[PDB]
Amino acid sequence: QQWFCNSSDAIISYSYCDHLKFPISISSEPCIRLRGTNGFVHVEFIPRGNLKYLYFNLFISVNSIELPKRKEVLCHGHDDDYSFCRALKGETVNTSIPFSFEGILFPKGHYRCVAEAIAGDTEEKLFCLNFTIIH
């Protein structure tokens, strides 16, 4: 719906969540290989809250088998690594975040990741994405 790409070992798409539909443009160049990728995550949106304490809830499933909730923090609120952690509510964010990863063995099949972005101060949903990974 929102975005799609395919790497040599995965197809990746996302849509907004059924419960929440605040706009974000997220993208990754190149398309994520589950074996290993060096590139950037491009993000362009107007945050609905402050990003000083941004963290993610990652709800992941592999072929309906679901992994426990996974909390990932990007801004702890003190000397953070990213320029967007200072970005306020209703501010325009346009950034490319570099990343890399070495790659583990993943079972072949269908992956659902619902990723909620939380403002850890207010504890309110910033946005919500419904990723699909077919491996």
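When you see a residue number, it is the position in the sequence shown, counting from 1. Only the largest set of C-alpha atoms that superpose within 1.5 Å between the two forms is called the rigid core.
Farther-lying stretch by C-alpha RMS in 5 other deposited structures of this protein (rigid core fit) among 81 to 89, 96 to 104: Stretch with the higher C-alpha RMS distance in 5 other deposited structures of this protein: 96 to 104.
Between 106 to 114 and 25 to 33, larger RMS Cα displacement in 5 other deposited structures of this protein after core fit: With the rigid core superposed, the C-alphas that lie farther in 5 other deposited structures of this protein are those of 106 to 114.
Higher-scoring stretch by recorded Cα B factor average, 52 to 60 or 32 to 40: Result: 32 to 40.
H110 - which third its CA temperature factor falls in, relative to the rest of the chain: Highest third, going by the recorded CA B-factors of the chain.
Chain thirds of CA B-factor: placement of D79: Lowest third - that is where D79 ends up once the chain's C-alpha B-factors are sorted.
Chain thirds of CA B-factor: placement of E66: For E66, whose C-alpha B-factor we compare with every modelled residue in the chain, the answer is the middle third.
Third assignment of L129 from its chain's C-alpha B-factors: Within its chain, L129 is a middle-third residue by C-alpha B-factor, going by the deposited values.
Record-listed C-alpha B factor of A117: chain third: Lowest third.
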